[PDB]
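First comes the structure, then the notes that go with it.
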Amino acid sequence: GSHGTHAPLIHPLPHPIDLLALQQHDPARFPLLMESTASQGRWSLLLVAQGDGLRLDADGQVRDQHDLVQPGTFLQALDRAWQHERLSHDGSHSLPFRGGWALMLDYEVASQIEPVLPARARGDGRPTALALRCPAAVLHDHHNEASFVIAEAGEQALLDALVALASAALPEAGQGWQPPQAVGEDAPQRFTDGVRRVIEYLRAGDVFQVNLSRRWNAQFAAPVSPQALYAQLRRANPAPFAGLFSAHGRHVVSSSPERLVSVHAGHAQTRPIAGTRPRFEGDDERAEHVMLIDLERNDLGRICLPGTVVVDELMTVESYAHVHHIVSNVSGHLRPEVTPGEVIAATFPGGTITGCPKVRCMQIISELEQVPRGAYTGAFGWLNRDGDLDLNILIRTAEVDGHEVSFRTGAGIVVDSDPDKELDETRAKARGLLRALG
Ligand SMILES: [Mg+2]
């Protein structure tokens, strides 16, 4: 009666390897790189693709590697592909990724989740979202010099070919960085008028906080290298977590992410990896303290077992003479047949970079920003065959397209916000990135 286990193959490697270089070498083979700090020190992970997967295309349809239209939304198709290769959980997590899919989702996935929101294709016509079958990974402990290949049981060949083609060169990545030759941004009036319009909704009492953003761009003389950009940004800000996703012409460099959702053996968690929820204040003696709970919020609470959900402070808003403590469900145990798409649907996009209440804030964001957010406040990361998943919210994140780098920054508007100050805060957030582009 004892359950068959499916431990992943794990081969220790000759010597430390350069994952960035390795990706730069064969981007097609290595669609996603992620860096982390254990509670140890630094490490990295590079996912190895095998060539199947799914994409949500600009015509609003999902397709696979054979360009066949899969019916439904990206998250339905993703759920069918996961069921098809689903594994049962073996209860061990030394190793956080064990094979399954690299995921990248733009913010605009949200209109498939809440179809009240107008759908938007990417301007460049590339895929809004991707799920890439990845049956192996390369890991690199920074603390201990150790590198490994890991692959799903039954992938001995692929594992072999990777042990081959690691320790084979190391041309050495992310060199030839050229600073940009022009820099640009949305006309500032668009933002400050957006803020004034946000403040009408806040004064009406229908929303309590809204993350309003604006787009920045940098133009270069020669085509940009995603890994060279990545290296610039990591040097300039060595944040604990980061990554780089690249495939299908999407090139998404993340320099300061937050956790969107983590699931380990059905235990789902949304708490900031930082450890501390965000505080939002405007530009205004004993403050009032009101706890606010959105009773219709669609979140982990809808997909978890009763008696397991933990509630905690999502964010605070502090204006005039009050502090509102915005509380939501932050972790729980999933019902046993909850699918990865349903966890994504319950959690995406995060509440602190849209607003509260979430859906109404997304409609205001959509009307005021007028263009897709792309990777900004989207997510990427991975899904294991056993359903474990790790997705990050993309906050300090740039996209590369040929000679152009773009990125958005935003400010959490609250009822006593000052429009020109919020504008300054968006520029203060862009400064760090623009510095590093130098
Ligand atoms: Mg104040």
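The first residue in the sequence is number 1, and the count goes up from there. Side chains included, hydrogens not; waters and symmetry mates left out as well; all remaining heavy atoms used.
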Side chain to side chain contact (heavy atoms under 4.5 Å, CB included) assessment of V343 paired with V338:
CA-CA 7 Å; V343 353; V338 169; 3.8 Å; yes
Tell me, with the steps shown, if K421 and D424 meet salt bridge (charged side-chain N to carboxylate O under 4.0 Å, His left out).
CA-CA 5 Å; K421 292 207 166 91; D424 291 340; over 6 Å; no
List the steps and the verdict of side chain to side chain donor-acceptor pair (under 3.5 Å) for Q83 and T339.
CA-CA 8 Å; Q83 181 48 61; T339 68; over 6 Å; no
Can you check side chain to side chain contact (heavy atoms under 4.5 Å, CB included) on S36 and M34, steps first, answer last?
CA-CA 7 Å; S36 255; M34 299 211 56; over 6 Å; no
Determine whether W82 and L383 satisfy the following criterion, side chain to side chain contact (heavy atoms under 4.5 Å, CB included), listing intermediate values before the conclusion.
CA-CA 9 Å; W82 174 76; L383 163 67; 3.9 Å; yes
Apply side chain to side chain contact (heavy atoms under 4.5 Å, CB included) to residues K358 and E114 and explain how you reach the verdict.
CA-CA 10 Å; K358 199 198 287 189; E114 302 278 354; over 6 Å; no
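Counting heavy atoms from C-beta outward, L22 and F30 have side chains that approach closer than 4.5 Å. No side-chain heavy atom of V414 sits less than 4.5 Å from a side-chain heavy atom of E281. The side-chain heavy atoms of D299 and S328, taken from C-beta on, include a pair separated by under 4.5 Å. No side-chain heavy atom of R297 sits under 4.5 Å from any side-chain heavy atom of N329. Using a 4.5 Å heavy-atom cutoff, the side chains of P357 and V359 are not in contact. Using a 4.5 Å heavy-atom threshold, the side chains of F245 and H251 count as separate. Using a 4.5 Å heavy-atom cutoff, the side chains of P340 and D79 are in contact. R98 places none of its side-chain heavy atoms less than 4.5 Å from the side chain of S92.
Considering every non-hydrogen atom in both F407 and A430, the closest pair reads CE1-CB, 3.7 Å. The minimum heavy-atom distance between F208 and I326, with the atom names listed, is CB-CD1, 4.1 Å. The nearest pair of heavy atoms linking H89 to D388 is NE2-OD2, 2.9 Å. Between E108 and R373, the shortest heavy-atom contact is OE2-N, 2.7 Å. Listed here is the closest heavy atom pair of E185 and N217: N-ND2, 3.8 Å. Minimum heavy-atom separation, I365 to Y107: CG2-OH, 3.9 Å.
Between atom CG of residue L87 and atom NE2 of residue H6 there is a gap of 5.5 Å, rounded to the nearest 0.5 Å. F380 contributes atom CZ, which lies 11.0 Å from atom CG of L103 (distance to the nearest 0.5 angstrom). Note: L334 CG to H267 NE2 = 9.0 Å, rounded to the nearest 0.5 Å. Of the inter-residue distances, the one linking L47 atom CG with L132 atom CG reads 9.5 Å to the nearest 0.5 angstrom. Rounding to the nearest 0.5 angstrom, the gap separating the CD atom in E422 from the OG1 atom in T192 is 11.5 Å. Within the model, atoms CD of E35 and CG of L20 stand 8.0 Å from one another, a figure rounded to the nearest 0.5 Å.
There is no side-chain donor-acceptor pair under 3.5 Å between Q24 and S225. Side chains of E313 and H325: a donor on one and an acceptor on the other come within 3.5 Å. In the model, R408 has no side-chain atom that pairs as donor or acceptor with a side-chain atom of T377 under 3.5 Å.
If you run salt bridge (charged side-chain N to carboxylate O under 4.0 Å, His left out) between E399 and each of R126, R215, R250, only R250 comes through. Paired with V261 under the rule side-chain contact (heavy atoms from CB on, under 4.5 Å), one option of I344, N392, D390, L391 passes, and it is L391.
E200 and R203 are not joined by a salt bridge, as no carboxylate oxygen comes within less than 4.0 angstrom of a charged side-chain nitrogen. Using a 4.0 Å cut-off between charged nitrogen and carboxylate oxygen, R133 and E152 count as a salt-bridge pair. For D67 and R55, the salt-bridge test passes: some basic side-chain N is under 4.0 Å from an acidic carboxylate O.
Distance alone, capped at 3.5 Å, is enough to place a donor-acceptor pair between the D418 side chain and the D420 backbone. In this structure, the side chain of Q65 engages the main chain of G53 through a donor-acceptor pair within 3.5 Å. Without hydrogens or angle criteria, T426 side chain to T409 main chain gives no donor-acceptor distance under 3.5 Å. Of the possible polar contacts, one joining the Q269 side chain to the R271 backbone as a donor-acceptor pair under 3.5 Å is found. Under a 3.5 Å cut-off, the side chain of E258 and the backbone N or O of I273 do form a donor-acceptor pair. Of the possible donor and acceptor atoms, one in the side chain of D416 sits under 3.5 Å from a partner among the backbone N and O of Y320. Between the side chain of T270 and the backbone N or O of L260, at least one donor-acceptor pair lies under 3.5 Å.
In the displayed structure, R360 atom CZ is contacted under 6.0 Å by at most 12 heavy atoms of other residues, nucleotides or ligands. The number of heavy atoms from other shown groups lying within 6.0 Å of CZ (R279) does not exceed 12.
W177 and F220 have their aromatic ring centers within a separation under 6.0 angstrom.
Between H324 and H322, the angle of the ring planes stays under 30°, which puts this pair in the parallel group of the 30/60° scheme.
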